[PDB]
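Structure first, then comments.
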4 protein chains.
Amino acid sequence: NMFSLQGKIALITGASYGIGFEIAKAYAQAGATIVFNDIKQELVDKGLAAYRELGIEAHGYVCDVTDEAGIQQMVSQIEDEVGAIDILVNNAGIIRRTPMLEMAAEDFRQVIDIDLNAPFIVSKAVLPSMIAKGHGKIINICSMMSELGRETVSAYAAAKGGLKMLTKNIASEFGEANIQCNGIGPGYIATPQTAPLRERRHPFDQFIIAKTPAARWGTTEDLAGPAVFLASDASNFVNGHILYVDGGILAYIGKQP
Amino acid sequence: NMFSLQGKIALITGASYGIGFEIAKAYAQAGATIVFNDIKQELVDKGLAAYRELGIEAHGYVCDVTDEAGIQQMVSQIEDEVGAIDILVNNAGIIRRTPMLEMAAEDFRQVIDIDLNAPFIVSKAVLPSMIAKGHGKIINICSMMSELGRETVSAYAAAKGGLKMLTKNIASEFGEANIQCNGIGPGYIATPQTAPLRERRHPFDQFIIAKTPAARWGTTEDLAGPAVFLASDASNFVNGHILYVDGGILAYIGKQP
Amino acid sequence: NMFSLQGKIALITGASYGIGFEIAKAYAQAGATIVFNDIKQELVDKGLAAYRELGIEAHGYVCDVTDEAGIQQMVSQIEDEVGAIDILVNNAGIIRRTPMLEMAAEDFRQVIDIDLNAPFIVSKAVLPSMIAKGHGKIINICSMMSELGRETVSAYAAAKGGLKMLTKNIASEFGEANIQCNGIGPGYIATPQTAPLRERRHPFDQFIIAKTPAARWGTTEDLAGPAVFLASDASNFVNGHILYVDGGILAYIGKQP
Amino acid sequence: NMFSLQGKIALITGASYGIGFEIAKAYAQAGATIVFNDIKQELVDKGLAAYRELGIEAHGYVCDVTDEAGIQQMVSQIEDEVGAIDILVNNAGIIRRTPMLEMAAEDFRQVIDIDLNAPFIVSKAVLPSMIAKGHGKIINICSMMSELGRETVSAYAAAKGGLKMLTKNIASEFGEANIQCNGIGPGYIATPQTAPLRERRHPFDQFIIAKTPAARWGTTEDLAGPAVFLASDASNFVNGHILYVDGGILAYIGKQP
């Protein structure tokens with residue numbers, strides 16, 4: 001009922017694989033029509049194949065999220081071919097891990113441009129049709145780094161701190177037009193790329209368990225409920241809110257000896 | 001599916017009427033078995049009648065939430081008659097509006113005892129069985145006053161600020177036993193008791209609209225999705241988190257002239 | 001100049017020893033007249049002797065901070081003997097470390113009463129004269145536990161979370177009368193009572209260093225500047241603010257392997 | 001004593017006029033040697049003249065804060081001519097007020113580049129010498145918009161939200177080298193540019209008073225104490241902290257009718 005996404009169209013940026021692709025799966029299972037983009041045709045093609053393998057009829061487009069003219073054209077095409085976008089998930093992103101004193105300004109700027117400026121560009125592009133149709137959701141994928149810092153991730157933390165405030169600002173500016181803009185802030189989600197950090201007692205695995213009241217890594221399934229919730233009519237009075245999905249990390253001082 | 005409360009038993013304290021009764025309705029619609037208490041039989045009886053009128057078979061008990069011995073006995077009885085409690089919503093509360101310099105220490109203490117100490121008492125009472133059965137949810141009804149102050153509500157703000165940290169602490173301490181403890185923080189919810197403040201352009205109504213990006217008062221239905229979400233298996237990696245349901249108030253500096 | 005406390009009278013509750021006594025030293029060095037209380041004459045007497053040994057002419061009174069009638073009488077006596085109180089530091093407190101399921105409600109309530117209700121009582125008692133004289137400062141000693149939870153400190157975290165909101169509320173309610181109410185939130189301060197936790201590489205010492213960007217325990221001298229700052233005319237537009245003095249703990253995700 | 005800046009060199013970016021120039025005045029009065037930059041010689045020249053008129057011997061350089069190569073050269077020159085920089089205040093900034101749907105991506109990007117990327121560039125440039133000499137302060141001028149959103153200031157809020165996390169990250173990454181990186185977050189500071197908004201009862205003036213417990217606009221003098229505090233040895237264990245100087249705005253739900 002209120003948690004259903006039946007009839008709704010969702011654009012999840014960068015959802016050819018990874019967390020975005022998993023959110024798309026959940027959205028599809030909730031009844032949503034799936035639209036996504038990536039920066040090259042090869043990724044879009046492989047993504048579409050992967051969606052087909054799961055029985056999901058997705059719609060994939062090649063576009064750089066930092067390219068405003070391109071994104072505007074993409075949204076127009078989506079409107080022609082699928083329909084007006086009800087839900088935007090700004091998921092596309094990069095991370096760099098570089099000691100700040102060693103990080104080239106060009107690289108800092110790139111992280112900011114993809115992770116902060118691009119969500120503005122894509123939000124701006126989808127908003128007119130959301131406003132016109134009378135309801136819209138914009139969900140920004142934030143981070144623990146929207147709240148806490150760490151050596152080597154200065155650009156990423158700056159971007160994610162910014163993305164948190166862009167969320168609150170979009171909520172503020174467009175709330176009156178029945179737009180709800182919120183964040184999802186994943187904790188440590190176990191993915192194949194970090195499998196060596198969990199090989200059997202691993203120091204890093206221990207660090208994560210000790211930081212986490214839930215005493216485990218998160219999963220992509222852990223993000224499905226929170227993501228569908230924020231995309232659904234069940235959260236229509238949740239606005240400008242960052243929903244952290246972290247097993248309690250941000251609530252806990254940590255497991256001490 | 002993941003948002004279903006089928007088979008789950010929920011204790012909502014003070015749910016003979018008001019916001020708690022509305023949360024119970026939503027929980028019942030989601031499949032939950034409803035249990036509640038209030039401080040006198042007259043309220044419990046009327047509450048049960050109201051639940052019956054809606055086709056809800058609730059279970060009502062007379063207990064003061066500040067009475068630990070009583071609450072322990074109540075929980076034991078609920079276990080006998082209904083089953084082990086899967087979900088606790090600490091909803092029972094009072095508000096006093098008194099200028100701080102005019103507030104008797106006894107009255108400040110009463111607000112704290114009902115709104116802060118009692119949620120500890122009831123949480124403590126339900127936790128052993130949640131831990132033993134392998135999953136539990138504790139949802140504390142917080143407030144805008146968990147974050148922001150106002151003249152005349154010093155005791156209430158102190159209590160709700162405390163309740164926010166009790167939430168984070170329970171999450172921290174019991175997370176490893178698969179307990180998720182979270183908060184719901186309603187904004188301004190329109191109820192019959194504040195109907196005169198919305199009579200037609202009303203100054204107070206204008207103050208609320210100007211503070212709120214959504215440009216409206218909240219409803220009890222606005223709380224149903226957030227409450228079911230936090231009670232459900234869909235939020236199993238959300239822990240120690242206060243979910244504000246306020247149309248964006250806490251995100252917004254306000255509508256200026 | 002603006003950081004001077006010359007001519008100002010400061011009441012620091014519980015300052016017969018410990019962090020409060022160290023704050024009093026700093027205040028004395030900044031020019032303040034020192035007033036304090038404790039619950040028994042023996043502590044007040046020893047405190048006064050310790051102040052005299054440092055060349056500080058303090059004024060000590062026997063009063064339980066939870067005893068409103070007593071505190072009202074104490075404040076009246078201070079006004080007679082020293083002058084109207086310009087600065088209140090709510091420092092008196094207890095900590096209990098008890099697993100929540102093992103904590104008697106009486107003990108939870110005691111922590112709340114001393115650490116949360118009493119700062120209200122003492123604030124209420126000093127405010128009329130601050131308002132009448134045209135300026136006042138109230139500084140509440142908060143904690144990392146005003147933000148983060150941990151196993152065994154549920155009552156303390158609830159109290160300190162509450163104290164943070166009492167701070168914001170007093171700021172809100174009395175700001176217009178030129179009262180500034182703010183918090184100081186110490187991190188891990190090294191004191192003789194925790195000397196065994198730093199004996200030489202100690203696991204706990206390592207846990208603290210790893211949590212702290214500054215890579216050290218805090219000192220009481222670390223709190224002197226922040227405390228004098230908030231007591232001084234240099235912070236007259238800082239209000240409702242918790243100033244954390246923690247070497248960066250609350251800003252940092254932690255040192256990972 | 002601990003609040004003194006005697007012997008210390010402070011770079012305040014953009015301090016040819018405005019809030020930065022006022023912070024520089026306070027720093028000079030506290031004993032600091034003043035260094036500043038601006039983007040054109042005309043501003044640097046006029047700034048230096050204004051400093052001379054007050055008896056302050058400042059050192060002015062022409063540099064764009066977004067120009068990394070230029071900033072690196074400027075810092076090297078400052079080291080030659082004045083000495084190693086002890087304190088950096090990232091003050092240079094712009095604000096644009098544009099409805100988000102009407103804001104060109106180039107303009108959004110410019111706000112981000114000056115207000116977020118540039119503080120990274122300048123921080124990076126001063127850090128090696130701070131680390132080598134054994135102590136440094138970096139103070140980032142944040143905003144109410146580091147926490148709250150408003151229509152028309154999406155780029156500015158995104159930048160200031162980012163700047164808050166850059167602060168916490170620098171604190172995290174460089175804390176161990178005795179760098180303290182903190183924020184100052186001014187509220188509504190009355191400046192000549194907003195004089196029409198205070199002409200006599202003005203609607204906007206009323207909006208500000210109603211939002212502010214202190215019941216007044218802030219002044220630049222209100223920022224002097226907080227700024228000197230964070231630049232001084234009195235705040236050596238304050239790190240990763242945003243010090244809001246707002247008369248209580250962020251603590252208060254607002255004055256209701």
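Ordering of the structure tokens sets the chain letters (A, B, ...), residue numbers begin anew at 1 in every chain, and ligands are numbered from 1 in the order given.
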
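With the cut-off set to 7 Å and only C-alpha atoms counted, chain D residues close to chain B are residues 148, 149, 150, 203, 204, 207, 251, 252, 253, 256 and 257 of chain D.
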
Report task. Mind the document's chain letters and residue numbers, and return as a PyMOL selection string the residues of stretch 17-186 of chain C that DSSP labels strand (DSSP E). Result -> chain C and resi 33-38+59-62+87-90+136-141+179-186

With C-alpha atoms kept, could you save the residues just selected as a PDB file, in the first residue's frame?
ATOM      1  CA  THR C  33      35.652  35.742  42.646  1.00  0.00           C
ATOM      2  CA  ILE C  34      35.105  32.038  43.338  1.00  0.00           C
ATOM      3  CA  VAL C  35      32.042  30.583  45.024  1.00  0.00           C
ATOM      4  CA  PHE C  36      31.322  26.857  45.304  1.00  0.00           C
ATOM      5  CA  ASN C  37      29.251  24.267  47.129  1.00  0.00           C
ATOM      6  CA  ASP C  38      29.378  20.644  48.091  1.00  0.00           C
ATOM      7  CA  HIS C  59      33.623  31.162  49.364  1.00  0.00           C
ATOM      8  CA  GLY C  60      32.264  27.699  50.139  1.00  0.00           C
ATOM      9  CA  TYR C  61      28.749  26.618  51.089  1.00  0.00           C
ATOM     10  CA  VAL C  62      27.211  23.303  52.108  1.00  0.00           C
ATOM     11  CA  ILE C  87      28.443  33.143  36.141  1.00  0.00           C
ATOM     12  CA  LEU C  88      27.052  29.720  37.036  1.00  0.00           C
ATOM     13  CA  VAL C  89      28.919  26.562  36.096  1.00  0.00           C
ATOM     14  CA  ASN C  90      26.788  23.467  36.657  1.00  0.00           C
ATOM     15  CA  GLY C 136      24.445  36.385  33.125  1.00  0.00           C
ATOM     16  CA  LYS C 137      26.307  33.263  31.998  1.00  0.00           C
ATOM     17  CA  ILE C 138      25.239  29.676  32.659  1.00  0.00           C
ATOM     18  CA  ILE C 139      27.733  27.003  31.615  1.00  0.00           C
ATOM     19  CA  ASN C 140      26.634  23.397  31.790  1.00  0.00           C
ATOM     20  CA  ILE C 141      29.309  20.712  31.887  1.00  0.00           C
ATOM     21  CA  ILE C 179      21.711  35.495  29.484  1.00  0.00           C
ATOM     22  CA  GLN C 180      24.093  33.254  27.546  1.00  0.00           C
ATOM     23  CA  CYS C 181      23.679  29.569  28.359  1.00  0.00           C
ATOM     24  CA  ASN C 182      26.172  27.212  26.762  1.00  0.00           C
ATOM     25  CA  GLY C 183      27.756  23.816  27.298  1.00  0.00           C
ATOM     26  CA  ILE C 184      31.280  22.545  27.659  1.00  0.00           C
ATOM     27  CA  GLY C 185      31.707  18.959  26.503  1.00  0.00           C
ATOM     28  CA  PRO C 186      35.013  17.473  27.620  1.00  0.00           C
TER      29      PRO C 186
END

Report task. Enumerate the residues of stretch 27-221 of chain D with a DSSP assignment of alpha helix (DSSP H), computed from the backbone, and present them as a PyMOL selection string. Result -> chain D and resi 27-29+41-53+68-81+105-112+118-133+154-174+203-211+221

Report task. Find the spatial neighbours of residue B:91, counting only C-alpha atoms, within a cut-off of 10 Å - ignore same-chain residues fewer than 5 positions away - and output them as JSON, numbers by chain. Result -> {"B": [11, 12, 13, 14, 15, 18, 19, 20, 21, 23, 115, 119, 139, 140, 141, 142, 184]}

Restricting it to N, CA and C atoms, dump the selection as a short mmCIF file (atom, residue, chain, number, x, y, z; two decimals), in the first residue's frame.
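Now in again.cif:
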data_model
loop_
_atom_site.label_atom_id
_atom_site.label_comp_id
_atom_site.auth_asym_id
_atom_site.auth_seq_id
_atom_site.Cartn_x
_atom_site.Cartn_y
_atom_site.Cartn_z
N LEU B 11 3.77 -3.43 21.83
CA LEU B 11 3.31 -2.66 22.98
C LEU B 11 3.53 -1.18 22.69
N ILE B 12 2.45 -0.41 22.67
CA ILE B 12 2.51 1.04 22.51
C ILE B 12 1.99 1.65 23.79
N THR B 13 2.87 2.27 24.56
CA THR B 13 2.48 2.78 25.87
C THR B 13 1.57 4.00 25.71
N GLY B 14 0.56 4.09 26.57
CA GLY B 14 -0.39 5.20 26.53
C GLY B 14 -1.31 5.28 25.33
N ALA B 15 -1.44 4.19 24.57
CA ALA B 15 -2.19 4.21 23.30
C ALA B 15 -3.71 4.00 23.45
N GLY B 18 -5.18 9.37 20.99
CA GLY B 18 -4.13 10.26 20.48
C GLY B 18 -3.16 9.64 19.49
N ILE B 19 -1.96 10.20 19.43
CA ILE B 19 -0.95 9.76 18.46
C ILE B 19 -0.64 8.26 18.62
N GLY B 20 -0.58 7.77 19.86
CA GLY B 20 -0.28 6.37 20.11
C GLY B 20 -1.33 5.43 19.55
N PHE B 21 -2.58 5.83 19.69
CA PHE B 21 -3.72 5.07 19.18
C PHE B 21 -3.67 5.05 17.66
N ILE B 23 -0.88 5.29 15.85
CA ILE B 23 0.24 4.43 15.49
C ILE B 23 -0.20 2.97 15.59
N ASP B 115 8.53 11.22 30.95
CA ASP B 115 9.00 11.32 29.56
C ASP B 115 10.40 10.76 29.31
N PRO B 119 10.51 5.65 29.88
CA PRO B 119 10.98 4.86 28.73
C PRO B 119 12.15 3.92 29.05
N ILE B 139 11.05 1.86 19.83
CA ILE B 139 10.85 3.13 19.15
C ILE B 139 10.41 4.16 20.18
N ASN B 140 11.23 5.18 20.34
CA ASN B 140 10.94 6.23 21.29
C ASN B 140 10.37 7.44 20.57
N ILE B 141 9.20 7.88 21.00
CA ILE B 141 8.60 9.08 20.43
C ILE B 141 9.32 10.31 21.00
N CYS B 142 10.12 10.93 20.14
CA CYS B 142 10.89 12.11 20.48
C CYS B 142 10.07 13.35 20.06
N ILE B 184 11.27 8.41 16.71
CA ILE B 184 10.46 9.18 15.78
C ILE B 184 10.24 10.56 16.37
#
